[PDB]
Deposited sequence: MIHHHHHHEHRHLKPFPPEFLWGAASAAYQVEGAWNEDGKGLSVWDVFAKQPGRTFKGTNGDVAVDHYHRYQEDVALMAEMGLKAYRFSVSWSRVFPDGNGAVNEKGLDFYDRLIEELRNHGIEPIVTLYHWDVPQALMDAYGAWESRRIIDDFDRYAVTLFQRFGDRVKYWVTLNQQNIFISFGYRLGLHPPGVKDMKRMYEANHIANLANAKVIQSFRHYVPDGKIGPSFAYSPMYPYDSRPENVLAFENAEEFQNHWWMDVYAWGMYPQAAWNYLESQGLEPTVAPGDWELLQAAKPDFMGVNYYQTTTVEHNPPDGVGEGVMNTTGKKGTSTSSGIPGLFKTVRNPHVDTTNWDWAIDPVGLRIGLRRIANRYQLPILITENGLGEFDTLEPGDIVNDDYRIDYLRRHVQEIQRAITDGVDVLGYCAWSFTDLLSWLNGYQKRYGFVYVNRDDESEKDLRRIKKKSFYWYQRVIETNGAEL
């Protein structure tokens, strides 16, 4: 057993999200997104940081793409801001907004970089929330489809790889169960209704894609934390079965097969939480097969048995499972797990269950970076993290998983949703902080040159 090489056209990539990078929040006719409004609620974000300017990629995209070309990136995954294209969500298309993405795509294409367009990264126009509650209304299905079709028509000739909803499980759960993200709701019944509507929207746009981009490849991207049982106690293995189905299959089985898993469905039904199903829903969900599963990966989760009066720090569902710290994985300086083998396990699970190729749409290390004199940022810790994950991807490929590419999170430093700028993810440091924009200058970190060498050798030198 020697390791297989990465395939010749492997998409070595890096990624961002529109609200986190663009700025220009009110320029060129752009409408308000739910995040523009949410982040301006006092106390919501660290030091009141928000996306008004972010790292100003909207104005600095030429420099950023030039840096991507210097690195030799094979692919750049970005999201399109719906509120730039339809400021009111529906209604009139904004040609200024589409023209930004056209210029970005042209810059990428002129440097030989594959664009990977992500339709949705959490920024539905505020006008749709006001009009009908956004993801809680079936009205969004057609509005999202009209938006996606517009993008397919404008860019399908130049963009082969598309992601639909990015981390639906996050925007739905954080928005409707934990109340951390818009709309700030804590209501499981509403969460599962909005989730079902998002599932229908995903399926509808994949159907549209088959018409407008017949040679393209499309898929949703799932924030995947593979579950582990704590030990071989039967009750803990059963907790693992419950958790993997409830947290992971609940989304990925719908994406791949168009069907919710039955044990989870029956539990939700027993709680009065299962979504409302309309005639035609199952037919639509089953008729929208993706070309790949997108995977956003940071860590695994370990679970154990949870008595019916137990946990609802540990989280879980009474009678089904609760989380427990895994003593067998490392942690970051923020006490989150580092588990590169877990990425191999997740890739293996997706191939084994769904036989789908996988695009890793997000993986990276957030850490304080120190800017040293001479514009030097020594981030060996980020190189170590990325190296270990890429090594495990190579082992998954050797096992037989079809991995289409790997998008490191992120290309440049970016604004986090709630925590400001100090925990940085980029290959490229952006000189700004939570207090001021400074000069917004871009500074290549050591990891930039490391990844440049990874790409040059197609992953042979890590």
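What residue ranges of the deposited sequence are absent from the coordinates? Missing C-alpha atoms (numbering from 1) occur across the ranges 1-10, 323-335.
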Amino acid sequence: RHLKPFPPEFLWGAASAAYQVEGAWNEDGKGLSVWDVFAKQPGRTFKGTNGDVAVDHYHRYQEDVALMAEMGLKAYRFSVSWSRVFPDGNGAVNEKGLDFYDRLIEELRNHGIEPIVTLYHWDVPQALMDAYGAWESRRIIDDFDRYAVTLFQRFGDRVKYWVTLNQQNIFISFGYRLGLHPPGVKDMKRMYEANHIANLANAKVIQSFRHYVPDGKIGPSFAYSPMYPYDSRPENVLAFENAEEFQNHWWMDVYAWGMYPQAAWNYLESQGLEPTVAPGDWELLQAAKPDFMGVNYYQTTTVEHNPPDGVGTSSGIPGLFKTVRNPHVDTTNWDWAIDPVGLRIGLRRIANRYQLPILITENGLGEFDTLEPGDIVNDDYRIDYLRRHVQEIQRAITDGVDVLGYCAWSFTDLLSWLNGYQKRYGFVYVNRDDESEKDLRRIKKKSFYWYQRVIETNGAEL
From here on, numbers count along this sequence of modelled residues.
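Looking at the other compared entries that model both neighbours, is residue 313 missing coordinates in at least a third of them? In at least a third of the comparable entries (those modelling both sides of it), residue 313 has no coordinates.
Given the B-factors recorded for C-alpha atoms, which segment has the greater mean, 344-352 or 68-76? Between 68-76 and 344-352, it is 68-76.
On average, which has the higher Cα B-factor in the deposited entry, 79-87 or 265-273? Averaging CA B-factors over each stretch, the winner is 265-273.
Could you check 123, 241, 136, 330 and tell me which one carries the biggest Cα B-factor in the deposited entry? Of the candidates given, the C-alpha B-factor peaks at 330.
Out of 405, 43, 426, 51, residue topping the C-alpha B-factor column of the entry: By C-alpha B-factor in the record, 43 ranks first.
Report the third (lowest, middle or highest) to which the CA temperature factor of residue 207 belongs, ranking only the modelled residues of the same chain. Middle third of the chain for residue 207's C-alpha B-factor.
Chain-relative CA temperature factor third for residue 143: It belongs to the middle third of the chain when residues are ordered by C-alpha B-factor.
In terms of the CA temperature factor given in the entry, to which third of its chain does residue 358 belong: lowest, middle or highest? Lowest third, going by the recorded CA B-factors of the chain.
So where's residue 249 on the chain's Cα temperature factor ranking, which third? It falls in the bottom third of the chain.
Can you tell me which third, lowest, middle or highest, the CA B-factor of residue 449 falls into for its chain? Highest third.
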